[PDB]
């Protein structure tokens, strides 16, 4: 071959855009063998096309362009090693996605349950599967003064293990025949965990524990101040009327119904307490 291909010809032959070729030229990754000193037209030799092989392959596996420059200088012995590295980075991506895929599925599972709920505003008993959680003591906090900020450390922690930060906020309190909200004080506030990912060195002010599998007397509803205490009361009454035995704190879970800064915020609230008989 003693001619020359024009940019368009290379483009059509190698299945690479003309823009790409001009760019690889500027980058000094793949430069035409000859540039007409007047028209500036780019001209390529046939033998030179071989170099687009490595470039197109590396582009396919995501290698950044500047990285390619040092990959072409390596050499069949080291290129083998180079690939070994790309592999390790690929399995890294894979592991990440698999984990991610598992998490999304769990979020969806829990998300679906809050949609299958028997009825709102009514107490009912059901067999629950366990729920892993991370908690910390409430230090004075109660329904009237809890803040999103109160969950900062817990969230920082779960975020580090799940990536997918928590959706629901939890709190617990002693099952008592309260007569007023102000009488209530939280024992712990918690956020459920979604991963069995070996917790990133948990500090001792946090406790990894669980809302155990068992029978629970529950009530769920869409939050409204003049409903919070009444639903609690329905739970208290329900348990007293059928003489049930409470064997846990009252578990309280709050989950936003939407995250739109545009519409009036609304929350789903759920109170459950484990029972025996």
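Numbering follows the first chain given and starts at 1.
Mean Cα B factor from the PDB record: higher for 135 to 143, or higher for 198 to 206? Between 198 to 206 and 135 to 143, it is 198 to 206 that shows the higher mean C-alpha B-factor.
Residue range whose averaged C-alpha B-factor is higher in the record, 120 to 128 or 74 to 82: Between 74 to 82 and 120 to 128, it is 74 to 82.
Between 262, 22, 258, 268, which one tops the list for Cα B-factor in this entry? Result of the comparison over 262, 22, 258, 268: 262.
Check the PDB entry and point out which of 175, 186, 164, 190 has the largest C-alpha temperature factor. Result of the comparison over 175, 186, 164, 190: 164.
Position of residue 168 among the chain's modelled residues by C-alpha B-factor, lowest, middle or highest third: Residue 168: CA B-factor falls in the middle third of its chain.
Looking at the entry's B-factor column for C-alpha atoms only, identify whether residue 38 ranks in the lowest, middle or highest third of its chain. Tercile = highest for this residue's CA B-factor.
Comparing against every modelled residue in the chain, figure out the third that the C-alpha B-factor of residue 96 lands in (lowest, middle or highest). Its C-alpha B-factor belongs to the middle third of this chain's values.
Using the B-factors in the PDB entry, rank residue 64's C-alpha atom against the chain and give the third, lowest, middle or highest. According to the entry, residue 64 has a C-alpha B-factor in the chain's middle third.
By the recorded C-alpha temperature factor, relative to the other modelled residues in its chain, which third is residue 231 in? Answer is middle: the recorded C-alpha B-factor places it there.
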